[PDB]
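Have a look at the structure below before the remarks.
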Amino acid sequence: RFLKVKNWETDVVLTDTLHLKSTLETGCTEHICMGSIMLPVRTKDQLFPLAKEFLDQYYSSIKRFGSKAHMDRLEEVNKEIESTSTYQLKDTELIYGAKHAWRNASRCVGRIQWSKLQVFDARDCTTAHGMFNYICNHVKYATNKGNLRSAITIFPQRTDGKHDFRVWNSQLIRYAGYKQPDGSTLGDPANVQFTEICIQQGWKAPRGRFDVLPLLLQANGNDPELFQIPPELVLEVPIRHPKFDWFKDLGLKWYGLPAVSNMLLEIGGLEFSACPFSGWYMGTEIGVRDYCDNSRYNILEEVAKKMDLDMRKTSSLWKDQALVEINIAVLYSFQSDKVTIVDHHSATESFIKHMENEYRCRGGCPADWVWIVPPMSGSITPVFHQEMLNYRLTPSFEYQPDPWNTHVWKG
Amino acid sequence: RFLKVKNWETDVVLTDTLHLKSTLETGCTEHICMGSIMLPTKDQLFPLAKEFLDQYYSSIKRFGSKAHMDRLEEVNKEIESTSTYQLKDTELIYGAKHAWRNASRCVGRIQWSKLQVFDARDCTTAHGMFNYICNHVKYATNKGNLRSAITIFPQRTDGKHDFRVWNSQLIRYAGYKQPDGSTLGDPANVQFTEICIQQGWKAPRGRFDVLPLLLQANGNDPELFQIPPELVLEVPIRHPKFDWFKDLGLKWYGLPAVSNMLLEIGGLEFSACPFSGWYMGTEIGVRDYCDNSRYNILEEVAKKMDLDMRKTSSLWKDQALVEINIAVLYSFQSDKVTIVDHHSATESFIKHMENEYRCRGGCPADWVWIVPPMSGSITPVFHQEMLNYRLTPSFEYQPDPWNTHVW
Ligand code: HEM
Ligand code: HEM
Ligand SMILES: C[C@H](O)[C@H](O)[C@H]1CNc2nc(N)[nH]c(=O)c2N1
Ligand SMILES: C[C@H](O)[C@H](O)[C@H]1CNc2nc(N)[nH]c(=O)c2N1
Ligand SMILES: N=C(CS)NCCC[C@H](N)C(=O)O
Ligand SMILES: N=C(CS)NCCC[C@H](N)C(=O)O
Ligand SMILES: [Zn+2]
């Protein structure tokens with residue numbers, strides 16, 4: 001069976017067969033669509049099939065399907081599974097794996113870059129200090145003095161579920177949130193709970209509005225440890241506006257390197273619970289969501305006040321006007337300091353190209369419209385008009401519970 | 001599989017039990033989400049009728065009553081004997097309000113119970129249809145103080161006798177493709193405009209020509225009729241700050257009146273059922289004016305504002321968009337024509353979702369359609385999980401009549 005998606009701006013119709021390789025489930029049924037729901041030990045049993053399936057794809061990717069090298073590999077993984085109960089990926093398979101997990105990530109608008117990933121193999125890592133060292137090299141390699149390069153660092157895979165590697169931070173760089181006694185929040189409200197744990201673990205909090213959090217690192221199932229990223233490795237950008245000179249006086253900055261650190265990377269049925277990855281920012285991530293979500297820094301009011309907008313009625317669109325200026329300011333500051341960033345028009349246009357290409361060359365491209373459409377000016381971007389099919393392919397990046405919820409304290 | 005939805009801005013969690021009544025299919029499976037796809041006999045009729053009457057009598061608290069059973073009895077006899085049946089007026093009104101109640105794509109549903117239903121099931125000709133339509137237009141428009149309405153033409157019988165309004169909305173502007181390849185007027189209506197022209201209409205060929213009504217009774221060939229201009233309330237678009245704005249020469253109409261949908265009630269099909277409410281500002285100011293395939297006025301606006309159009313990262317498109325939308329809202333408000341902004345409408349919808357969860361055990365909602373086409377994440381609906389499913393009575397899409405009509 002073959003499925004059509006139409007783009008309603010251009011009439012371009014595309015044909016999807018790739019969804020026929022979907023194994024995992026969407027969370028939807030014939031009777032209910034869950035397309036907008038945020039989140040809808042493994043033994044020998046399921047393991048060889050999952051391995052075989054990955055290796056067939058891998059050997060196909062390299063035009064060696066059914067080759068002796070292919071057959072021997074299946075044989076050896078099989079024997080390793082029955083004997084040791086798990087198996088090790090070769091370097092080539094890991095790189096390919098990490099690349100496909102990105103390629104298959106339906107909520108990522110940046111996928112046109114998928115094949116250029118820099119994969120850092122941290123599977124020889126044994127301790128949290130070793131983790132801190134790997135992560136430092138990742139931040140420095142990816143930051144690259146403002147000319148950002150995609151990277152991922154892969155820590156040892158899960159074994160029995162009791163020896164997990166985890167990065168307890170949700171991103172490698174993020175600001176502290178602090179709940180004040182009067183009920184207000186200082187810094188980023190999104191990181192209040194994580195901040196508290198850091199504080200409890202012994203972190204001395206400067207208690208400002210932009211304090212870079214310490215790394216909280218767990219190796220081998222052991223209690224996690226704190227480390228401070230060398231500030232010289234943390235590239236930040238002060239926010240100003242090309243016309244509003246009072247904008248700088250708001251005191252805003254952001255970090256240049258977005259580095260998701262809490263997802264799980266599954267390759268050939270193997271689980272990499274610590275696999276921090278990084279690319280670079282689309283401007284709206286910062287200017288719309290980080291700055292203007294009511295539950296984040298929420299600057300709309302103060303920006304609007306300074307613009308002397310009519311704030312007495314929503315239908316003045318004061319909120320929308322401030323939002324544009326803040327996003328102009330974010331992109332301008334980044335470009336000025338020569339730090340990599342992409343605006344939402346450029347990114348979404350690239351995405352449509354990537355997506356058409358992927359349909360032609362691959363048979364499709366799983367895409368989550370809810371997440372792909374940008375959080376401002378949605379319909380003036382070409383993705384708004386693009387029908388998408390969403391489905392789950394492996395290799396993949398999955399959510400996992402926050403470790404402070406499941407971890408067993410050595411104490 | 002009683003389901004939770006969470007608002008991520010507020011942490012309000014709501015339990016959905018209403019979805020366990022869903023009947024029709026979504027288009028999705030366990031293996032594929034199709035949430036962003038635009039369009040994903042006697043034996044059949046009685047269960048359909050039963051399911052509807054059961055809800056009706058439940059709604060007025062005479063579930064299981066003699067009057068309930070008697071009605072079921074009666075309708076059943078009438079199907080057996082006549083192969084269809086007729087809705088009581090009360091059932092028709094309930095059915096229409098509920099079809100709007102169930103429309104998972106409509107953000108305006110807080111208003112659902114206030115619908116004015118005009119029963120046109122005694123209509124027999126296109127002239128009669130024109131008369132009904134003008135009365136609807138005039139009633140709904142109400143000199144700018146708009147009022148919700150639907151007008152319901154006779155139901156399908158054998159599919160060879162359908163009533164249809166061929167227009168997609170009662171009131172829309174014409175589209176003409178030019179000698180130089182461009183388009184004057186509304187490009188979305190280029191083809192309908194052709195059918196009107198190749199049906200007799202004399203196009204003024206301007207940028208904002210109100211299209212004629214093309215109306216079809218009892219399966220006959222449809223007929224043209226001009227809406228009395230004095231019943232078409234239009235708004236000249238000016239900006240409260242940019243005096244040059246009015247020289248753009250933009251106007252829009254006050255009455256949004258979708259006319260190409262199919263209303264199903266208790267298994268009966270009403271293939272002509274035009275309904276109207278009033279505009280959320282973005283519909284005109286974002287989609288109608290700025291979509292690339294519609295009036296596409298972004299460059300000309302940004303130019304008059306002297307914006308840096310050299311690079312997309314100046315957000316000139318975005319800047320222009322805010323201003324256009326301020327001008328739409330301002331114009332309608334100045335001329336006292338009902339209009340709602342996207343902030344105010346989405347806040348209402350959240351409140352309505354609240355009400356429905358509490359009073360009905362859920363509210364079907366299609367996030368893809370409910371989040372406005374500008375400033376999505378600064379409206380509360382962006383942060384709101386929604387469960388989408390199909391309840392009946394419903395409004396359904398249907399093919400365009402020209403593909404179907406046997407002349
Ligand atoms: C190179 C520049 C990149 C851009 C501009 C980009 C863009 C984005 C954006 C805008 C999102 C939505 C994030 C949000 O709203 O919170 C996202 C999600 C995602 N991206 Fe990327 N991305 C990039 C690189 C990467 C890389 C290197 C990976 C992995 C190797 C990745 C995997 C993902 C995943 C798994 C998600 C889903 C996140 C979630 O479910 O919370 N992306 N991407
Ligand atoms: C009272 C003011 C109303 C507002 C503000 C409103 C708002 C909207 C909006 C913004 C949409 C999406 C439209 C688009 O983007 O093309 C919509 C769709 C819809 N509304 Fe309403 N609505 C209102 C009244 C009504 C009424 C009176 C009915 C029917 C009785 C109705 C039924 C629908 C349906 C079926 C859709 C989806 C139509 C489609 O798929 O094209 N609404 N509504
Ligand atoms: C409830 C809803 O699904 C949730 O707000 C999603 C919507 N789309 C998104 N899109 C992106 N890119 N990032 C997000 O956090 C979200 N949040
Ligand atoms: C491809 C996609 O489904 C299509 O653009 C949709 C998206 N959301 C929408 N939302 C509304 N309110 N109206 C629309 O026409 C659309 N179009
Ligand atoms: N572009 C990327 C690499 S996937 N970022 C991902 C998440 C960053 C988050 N939205 C933030 O705004 O900090
Ligand atoms: N608000 C309504 C009544 S449901 N309109 C809906 C369809 C009109 C279309 N979006 C337009 O912008 O003309
Ligand atoms: Zn779905």
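The chains in the structure tokens are called A, B, ... from first to last as shown; in each chain the residues are counted from 1, and the ligands are counted from 1 in the order shown.
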
Tell me as a ChimeraX atom specification which residues belonging to chain A come within 7 Å of chain B, counting only C-alpha atoms.
/A:9,22,24-37,293-295,314-317,320-321,324,328,331,343,345,369-370,375-380,387-391

As a quick test: using only C-alpha atoms and all ligand atoms, which residues lie no more than 8 Å away from ligand 1? Give them as a PyMOL selection string.
chain A and resi 98-99+101-102+105-111+113-114+117+149-152+260+263+277-282+284-285+289+341-342+347+371-372+374+396-399

Ligand 6 neighbours within 10 Å using only C-alpha atoms and all ligand atoms, as a PyMOL selection string:
chain B and resi 100+103+105-109+148+168-169+171-173+252-259+275-289+339-340

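Closest to ligand 3 among A:71, A:39, A:213, A:197 is A:39, based on only C-alpha atoms and all ligand atoms.
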
Enumerate the residues of stretch 125-281 of chain B with a DSSP assignment of alpha helix (DSSP H), computed from the backbone, and present them as an MDAnalysis selection string.
chainID B and resid 126:141 190:197 281

Distance in Å - atom CA of residue A:246 versus atom CA of residue A:327:
15.4 Å

7 Å contact set for residue A:237, only C-alpha atoms, chain neighbours under 6 positions out, as a PDB file with N, CA and C atoms, in the first residue's frame:
```
ATOM      1  N   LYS A 253      20.343  37.505  27.879  1.00  0.00           N
ATOM      2  CA  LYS A 253      21.246  36.744  27.028  1.00  0.00           C
ATOM      3  C   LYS A 253      20.724  35.331  26.780  1.00  0.00           C
ATOM      4  N   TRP A 254      21.338  34.575  25.837  1.00  0.00           N
ATOM      5  CA  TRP A 254      21.108  33.119  25.764  1.00  0.00           C
ATOM      6  C   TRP A 254      22.409  32.393  25.445  1.00  0.00           C
ATOM      7  N   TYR A 255      22.469  31.068  25.614  1.00  0.00           N
ATOM      8  CA  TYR A 255      23.672  30.312  25.236  1.00  0.00           C
ATOM      9  C   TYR A 255      23.520  29.946  23.758  1.00  0.00           C
ATOM     10  N   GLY A 256      24.638  29.715  23.085  1.00  0.00           N
ATOM     11  CA  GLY A 256      24.619  29.455  21.650  1.00  0.00           C
ATOM     12  C   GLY A 256      24.414  28.014  21.324  1.00  0.00           C
ATOM     13  N   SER A 333      21.348  39.498  17.227  1.00  0.00           N
ATOM     14  CA  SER A 333      22.407  39.366  18.204  1.00  0.00           C
ATOM     15  C   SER A 333      23.309  38.200  17.797  1.00  0.00           C
ATOM     16  N   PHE A 334      22.711  37.037  17.525  1.00  0.00           N
ATOM     17  CA  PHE A 334      23.437  35.856  17.070  1.00  0.00           C
ATOM     18  C   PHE A 334      24.291  36.149  15.818  1.00  0.00           C
TER      19      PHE A 334
END
```
